[PDB]
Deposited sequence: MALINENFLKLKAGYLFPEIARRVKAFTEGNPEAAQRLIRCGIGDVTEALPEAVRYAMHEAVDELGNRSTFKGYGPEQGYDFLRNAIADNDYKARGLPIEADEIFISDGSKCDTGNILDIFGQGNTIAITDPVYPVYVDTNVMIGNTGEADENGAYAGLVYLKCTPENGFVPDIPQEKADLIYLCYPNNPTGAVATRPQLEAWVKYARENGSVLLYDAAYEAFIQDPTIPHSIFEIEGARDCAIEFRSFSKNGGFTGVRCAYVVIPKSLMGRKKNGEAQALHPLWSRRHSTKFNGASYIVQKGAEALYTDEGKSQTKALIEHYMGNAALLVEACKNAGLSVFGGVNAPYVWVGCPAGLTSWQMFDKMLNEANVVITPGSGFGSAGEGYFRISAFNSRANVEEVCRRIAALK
């Protein structure tokens, strides 16, 4: 018989979000009356998954394919290089941009170009894809009581330390930073990124910088890109998303930035550029994002596209501001809701994250994400998405206020 990948059996449970969808469906089946009242603030529940400019461009592209490069089309790689980097004085070229189907895929699949035995550092709590894919490829040991896997170096982010992780004494080879952080909403300051780039460069490490929620930053002092930091070109890969941007989950498109100067080592100690490794991976294991979605994403860089995106970001951060107010008024400890389209909330005394999940589902008829789903440091908290209608978030705010 054919040997299975036993690293999959190390996984304590199923992937968080399908595990939630299961428990919601179970509730919905048993409670048809409640199901009609249900509001989804887990992943979220967007109305306009495509702005006008993007829809127009996608219709044109559909007709174009009727009439009629894995790295991505020139027009989109150039639009990204020009608008997100060159126009901000950042040293990134179009041929360092790799267009994908989403950041979930890129952050998951980046480990394909790295070997075994690397020391992996991951911010805790964070988006659980980084941990789970590290377990699957065999970069960890078993999980403990609290679902932390041996071998991984967990950088603890708490209210105590303002959700800014202490740069470790341990020397990590790969470092996952999510900024703005999902789910805490935390942002890194310029000096904090300067210190991370210093640590990475002197240890010859790689910063895996997930900037998916970049566009929601409101504080004008906060960096958007790691390549705002001198020397980032020598130690940083950046993940960006069109889909988790402006809540247009319909724009299933993202990109990875790999400087041609970025180096790993072989077993013999000699240097090896990461750019070619990823290019080979991208062109062999992926078939490229469609012309339709790439034309959609190009539309986001038009005047009308930027105008439509800015209104949606104001709408969603308006939603977040109301969730912060309602939680504060109800006596709950609240973090974020100012630089990312979600809020991080302390569970009421004596409730685990999963117990608060069940209470909100059964009593308030509101889906939230249990904090423990984002790692051990997440226990005692939950996340509420600001990705919903204004009317639904106002309703959720009333339900949180009324929670007994």
Check your understanding: In sequence order, which deposited residues have no C-alpha?
Key -> 69 to 75
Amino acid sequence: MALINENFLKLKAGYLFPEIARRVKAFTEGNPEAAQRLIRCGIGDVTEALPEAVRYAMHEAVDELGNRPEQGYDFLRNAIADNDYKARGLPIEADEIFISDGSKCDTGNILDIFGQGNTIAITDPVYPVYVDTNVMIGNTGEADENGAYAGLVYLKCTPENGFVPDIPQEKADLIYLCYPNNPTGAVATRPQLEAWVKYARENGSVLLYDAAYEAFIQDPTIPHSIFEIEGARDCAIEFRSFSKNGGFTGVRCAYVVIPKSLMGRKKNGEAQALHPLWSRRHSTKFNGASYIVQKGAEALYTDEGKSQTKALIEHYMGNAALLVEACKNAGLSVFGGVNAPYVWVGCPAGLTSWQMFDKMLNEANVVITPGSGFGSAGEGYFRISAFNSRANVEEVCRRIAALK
From here on, numbers count along this sequence of modelled residues.
Point to revise | Residue range whose averaged C-alpha B-factor is higher in the record, 176 to 184 or 258 to 266 | key: 258 to 266
Check your understanding: Can you tell me which stretch has the higher mean Cα B-factor, 58 to 66 or 25 to 33?
Key -> 25 to 33
Practice item. Tell me which of 240, 315, 285, 295 tops the list for C-alpha B factor in the record. Key: 285
Check your understanding: Of the choices 220, 128, 72, 115, which one's C-alpha carries the largest B-factor in the record?
Key -> 115
Exercise for review: Place residue 378 in the lowest, middle or highest third of its chain's C-alpha B-factors, as listed in the PDB entry.
Suggested key: middle
Check your understanding: Taking the C-alpha B-factors as the PDB entry records them, is residue 137 in the lowest, middle or highest third of its chain?
Key -> middle
Review point. Once the chain's modelled residues are ordered by C-alpha B factor and cut into thirds, is residue 167 in the lowest, middle or highest one?
Key: highest
Exercise for review: Please place residue 1 in the lowest, middle or highest third of its chain by C-alpha B factor as given in the entry.
Suggested key: highest
Point to revise | residue 47 - which third its CA temperature factor falls in, relative to the rest of the chain | key: highest
